[PDB]
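Q: Pasting a structure here, questions to come.
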Protein chains: 2
Amino acid sequence: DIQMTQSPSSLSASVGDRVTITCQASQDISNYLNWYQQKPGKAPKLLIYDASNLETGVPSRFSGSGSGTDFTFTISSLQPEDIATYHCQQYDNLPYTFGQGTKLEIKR
Amino acid sequence: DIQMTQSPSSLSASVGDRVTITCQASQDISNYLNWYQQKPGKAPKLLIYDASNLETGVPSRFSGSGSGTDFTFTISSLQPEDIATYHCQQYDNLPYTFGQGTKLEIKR
């Protein structure tokens with residue numbers, strides 16, 4: 001299993017701010033990274049399935065970049081509905097694990 | 001971490017055959033289970049996000065049952081394109097892991 005570290009593990013941003021989440025992989029997973037949003041009453045659903053590649057239905061306000069070990073997830077247009085916990089997960093080697101989870105808040 | 005044990009570790013079924021994959025969680029995760037299809041060169045694609053709940057874009061040929069520890073994933077109409085590795089993931093407790101990974105193969 002490969003460890004994923006999210007820093008910051010929590011972040012508060014105002015509506016319209018660009019969220020910054022970095023995740024580091026313990027082992028080189030290349031660009032094979034998924035990003036998940038987990039909110040209460042929903043399942044953790046991925047926004048991105050390949051570093052930067054958005055899943056169908058997922059708004060373009062979510063974006064990620066990185067290849068190898070450093071990964072950065074950004075929400076360009078943060079909305080109230082984006083209040084959920086974000087997770088980075090690797091898909092290079094099983095078991096796939098999540099990098100804790102970043103608890104996102106909207107500050108005013 | 002909750003461990004997701006899958007048996008068979010590889011399963012071969014004919015075209016149109018109803019595949020049955022059993023996954024066992026180490027701890028009762030209730031019906032909170034996702035199913036992914038991972039094939040070489042592609043990212044793990046989700047079929048089911050809540051044990052029996054199929055995701056949008058996913059055909060009704062996939063389905064799952066179970067709650068707690070025992071989970072059964074079934075493909076009612078197996079297609080040649082479904083040749084990949086299937087694995088269950090839990091979302092009741094972190095870290096989220098993935099099941100071993102069962103090979104779906106088509107036998108004749």
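In the structure tokens, the first chain shown is A, the next is B, and so on; residue numbers restart at 1 for each chain, and ligands run from 1 in the order shown.
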Which neighbours of residue B:28 fall inside 9 Å, counting only C-alpha atoms, when residues of the same chain fewer than 4 positions from it are skipped, and could you give them as a PyMOL selection string?

A: chain B and resi 2+67-70+92

Q: Write out, as JSON lines, each residue of chain B that has an atom at most 7 Å from chain A, together with the closest pair of atoms and their distance in Å to one decimal, counting only C-alpha atoms, rows going by chain and rising number.

A:
{"residue": "B:43", "atom": "CA", "partner": "A:49", "partner_atom": "CA", "distance": 6.2}
{"residue": "B:49", "atom": "CA", "partner": "A:43", "partner_atom": "CA", "distance": 6.2}
{"residue": "B:95", "atom": "CA", "partner": "A:98", "partner_atom": "CA", "distance": 6.1}
{"residue": "B:96", "atom": "CA", "partner": "A:97", "partner_atom": "CA", "distance": 5.6}
{"residue": "B:97", "atom": "CA", "partner": "A:97", "partner_atom": "CA", "distance": 5.0}
{"residue": "B:98", "atom": "CA", "partner": "A:95", "partner_atom": "CA", "distance": 5.2}
{"residue": "B:99", "atom": "CA", "partner": "A:95", "partner_atom": "CA", "distance": 6.9}
{"residue": "B:100", "atom": "CA", "partner": "A:95", "partner_atom": "CA", "distance": 6.9}

Q: Please return as a PyMOL selection string: the residues of chain B that backbone DSSP assigns to strand (DSSP E or B).

A: chain B and resi 4-7+10-13+19-25+33-38+45-50+53-54+62-66+70-75+85-90+98+102-106

Q: With all C-alpha atoms matched in order and chain A superposed on chain B by least squares, what's the RMSD to one decimal?

A: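 Least-squares fit of chain A onto chain B, C-alpha RMSD 0.5 Å.
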
Q: Which of these, A:10, A:22, A:16, A:30, has the shortest distance to residue A:72 once you count only C-alpha atoms?

A: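 Closest to residue A:72, using only C-alpha atoms: A:22.
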
Q: How many Å lie between atom CA of residue B:58 and atom CA of residue A:41, rounded to one decimal?

A: 20.7 Å

Q: Compare A:54, A:104, A:13, A:21 by their minimum atom-to-atom distance to residue A:83, counting only C-alpha atoms, and give me the closest one.

A: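 The shortest atom-to-atom distance to residue A:83 comes from A:104.
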
Q: Quote the spacing between atom CA of residue A:74 and atom CA of residue B:53 in Å to one decimal place.

A: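 Distance reported for this atom pair: 29.0 Å.
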
Q: Nearest to residue A:103 among A:20, A:77, A:90, A:27, with distances taken over only C-alpha atoms: which residue is it?

A: A:20

Q: Counting only C-alpha atoms, what is within 12 Å of residue A:108, bar same-chain residues fewer than 4 positions away, as an MDAnalysis selection string?

A: chainID A and resid 12:17 80

Q: Find the residue from A:52, A:4, A:9, A:24 that sits nearest to residue A:65; use only C-alpha atoms when measuring.

A: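 Counting only C-alpha atoms, the residue closest to residue A:65 is A:52.
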
Q: With distances taken over only C-alpha atoms, which residue among B:76, B:87, B:71, B:81 lies nearest residue B:47?

A: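 Smallest distance to residue B:47 is found for B:87.
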
Q: Report, in Å with one decimal, the straight-line distance from atom CA of residue A:64 to atom CA of residue A:51.

A: 5.5 Å
